[PDB]
$ cat run_28.pdb   # PDB, N, CA and C atoms and all ligand atoms
MODEL        1
ATOM      1  N   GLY A   1     171.211 171.859 247.566
ATOM      2  CA  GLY A   1     172.604 171.975 248.060
ATOM      3  C   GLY A   1     173.102 170.692 248.695
ATOM      4  N   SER A   2     172.696 169.557 248.141
ATOM      5  CA  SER A   2     173.193 168.265 248.592
ATOM      6  C   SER A   2     173.739 167.472 247.408
ATOM      7  N   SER A   3     173.593 168.048 246.224
ATOM      8  CA  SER A   3     174.129 167.469 245.008
ATOM      9  C   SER A   3     175.400 168.207 244.613
ATOM     10  N   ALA A   4     176.345 167.496 244.015
ATOM     11  CA  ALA A   4     177.590 168.107 243.573
ATOM     12  C   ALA A   4     177.384 168.933 242.302
ATOM     13  N   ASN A   5     176.563 169.961 242.424
ATOM     14  CA  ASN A   5     176.324 170.916 241.352
ATOM     15  C   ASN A   5     175.772 172.196 241.954
ATOM     16  N   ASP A   6     174.549 172.127 242.464
ATOM     17  CA  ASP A   6     173.963 173.256 243.170
ATOM     18  C   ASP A   6     174.441 173.251 244.615
ATOM     19  N   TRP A   7     175.005 174.359 245.045
ATOM     20  CA  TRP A   7     175.514 174.462 246.394
ATOM     21  C   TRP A   7     174.728 175.498 247.177
ATOM     22  N   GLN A   8     174.887 175.470 248.481
ATOM     23  CA  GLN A   8     174.159 176.351 249.356
ATOM     24  C   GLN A   8     175.122 177.023 250.315
ATOM     25  N   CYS A   9     174.955 178.322 250.473
ATOM     26  CA  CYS A   9     175.802 179.116 251.334
ATOM     27  C   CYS A   9     175.734 178.621 252.767
ATOM     28  N   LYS A  10     176.860 178.687 253.442
ATOM     29  CA  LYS A  10     176.950 178.220 254.805
ATOM     30  C   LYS A  10     176.543 179.330 255.762
ATOM     31  N   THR A  11     176.531 180.552 255.250
ATOM     32  CA  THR A  11     176.211 181.713 256.057
ATOM     33  C   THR A  11     174.714 182.019 256.037
ATOM     34  N   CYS A  12     174.177 182.368 254.869
ATOM     35  CA  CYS A  12     172.770 182.739 254.772
ATOM     36  C   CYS A  12     171.896 181.507 254.565
ATOM     37  N   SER A  13     172.538 180.391 254.222
ATOM     38  CA  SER A  13     171.841 179.134 253.950
ATOM     39  C   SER A  13     170.941 179.266 252.726
ATOM     40  N   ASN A  14     171.230 180.260 251.901
ATOM     41  CA  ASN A  14     170.520 180.444 250.651
ATOM     42  C   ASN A  14     171.368 179.899 249.506
ATOM     43  N   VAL A  15     170.747 179.137 248.621
ATOM     44  CA  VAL A  15     171.456 178.588 247.480
ATOM     45  C   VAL A  15     171.585 179.652 246.397
ATOM     46  N   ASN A  16     172.813 179.892 245.970
ATOM     47  CA  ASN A  16     173.092 180.915 244.974
ATOM     48  C   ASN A  16     172.764 180.381 243.577
ATOM     49  N   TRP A  17     173.751 180.351 242.698
ATOM     50  CA  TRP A  17     173.577 179.742 241.397
ATOM     51  C   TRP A  17     173.959 178.273 241.498
ATOM     52  N   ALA A  18     173.558 177.481 240.515
ATOM     53  CA  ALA A  18     173.830 176.044 240.520
ATOM     54  C   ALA A  18     175.297 175.751 240.212
ATOM     55  N   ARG A  19     176.149 176.758 240.421
ATOM     56  CA  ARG A  19     177.588 176.632 240.226
ATOM     57  C   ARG A  19     178.283 177.972 240.474
ATOM     58  N   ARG A  20     177.698 178.800 241.336
ATOM     59  CA  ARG A  20     178.287 180.104 241.650
ATOM     60  C   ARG A  20     179.639 179.916 242.333
ATOM     61  N   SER A  21     180.507 180.904 242.215
ATOM     62  CA  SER A  21     181.827 180.828 242.822
ATOM     63  C   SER A  21     181.792 181.296 244.272
ATOM     64  N   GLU A  22     180.847 182.175 244.579
ATOM     65  CA  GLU A  22     180.726 182.737 245.915
ATOM     66  C   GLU A  22     179.304 183.249 246.151
ATOM     67  N   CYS A  23     178.975 183.564 247.398
ATOM     68  CA  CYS A  23     177.663 184.109 247.726
ATOM     69  C   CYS A  23     177.590 185.585 247.344
ATOM     70  N   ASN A  24     176.437 186.005 246.848
ATOM     71  CA  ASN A  24     176.212 187.410 246.534
ATOM     72  C   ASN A  24     175.669 188.156 247.751
ATOM     73  N   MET A  25     175.351 187.414 248.806
ATOM     74  CA  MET A  25     174.779 188.009 250.007
ATOM     75  C   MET A  25     175.820 188.118 251.117
ATOM     76  N   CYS A  26     176.582 187.053 251.326
ATOM     77  CA  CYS A  26     177.591 187.038 252.379
ATOM     78  C   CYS A  26     178.998 187.165 251.806
ATOM     79  N   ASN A  27     179.109 186.992 250.491
ATOM     80  CA  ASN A  27     180.398 187.031 249.798
ATOM     81  C   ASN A  27     181.274 185.854 250.221
ATOM     82  N   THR A  28     180.626 184.799 250.704
ATOM     83  CA  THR A  28     181.308 183.578 251.095
ATOM     84  C   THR A  28     181.760 182.800 249.870
ATOM     85  N   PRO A  29     183.039 182.408 249.809
ATOM     86  CA  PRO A  29     183.524 181.523 248.753
ATOM     87  C   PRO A  29     182.781 180.196 248.794
ATOM     88  N   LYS A  30     182.582 179.599 247.618
ATOM     89  CA  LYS A  30     181.826 178.350 247.466
ATOM     90  C   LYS A  30     182.057 177.392 248.629
ATOM     91  N   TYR A  31     183.303 176.988 248.818
ATOM     92  CA  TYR A  31     183.656 176.109 249.919
ATOM     93  C   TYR A  31     184.959 176.572 250.545
ATOM     94  N   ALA A  32     184.840 177.495 251.489
ATOM     95  CA  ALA A  32     185.996 178.076 252.157
ATOM     96  C   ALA A  32     186.354 177.290 253.414
ATOM     97  N   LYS A  33     186.058 176.000 253.392
ATOM     98  CA  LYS A  33     186.366 175.113 254.498
ATOM     99  C   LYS A  33     186.870 173.792 253.944
TER     100      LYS A  33
HETATM  101 ZN    ZN B   1     175.283 183.704 251.820
ENDMDL
END
$ encode --input "run_28.pdb" --output "structure tokens" --more "lines below"
Ligand SMILES: [Zn+2]
Amino acid sequence: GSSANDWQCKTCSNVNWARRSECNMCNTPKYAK
């Protein structure tokens, strides 16, 4: 989650898919900030 491809949730700190739109655990949008 430091490369512009695979991202990491800001809530659970778990990396979803290498291009997911949102978290499946927290339902956090990719980058809602
Ligand atoms: Zn999450």
$ closest_residue --input "run_28.pdb" --among "A:26, A:18, A:32, A:4" --to "ligand ZN 1 (chain B)" --atoms "all atoms listed in the file"
A:26
$ resolve_selection --input "run_28.pdb" --expression "the PyMOL selection byres (((chain A and resi 5) around 8) and not hetatm)" --output "PyMOL selection string"
chain A and resi 1-4+6-8+17-20
$ residues_near_ligand --input "run_28.pdb" --ligand "ligand ZN 1 (chain B)" --cutoff "6 Å" --atoms "all atoms listed in the file" --output "ChimeraX atom specification"
/A:9-14,23-28
$ axis_aligned_box --input "run_28.pdb" --around "segment 12-16 of chain A" --padding-each-side "5 Å" --output "JSON"
{"center_x": 172.3, "center_y": 180.7, "center_z": 249.2, "size_x": 13.7, "size_y": 14.2, "size_z": 21.3}
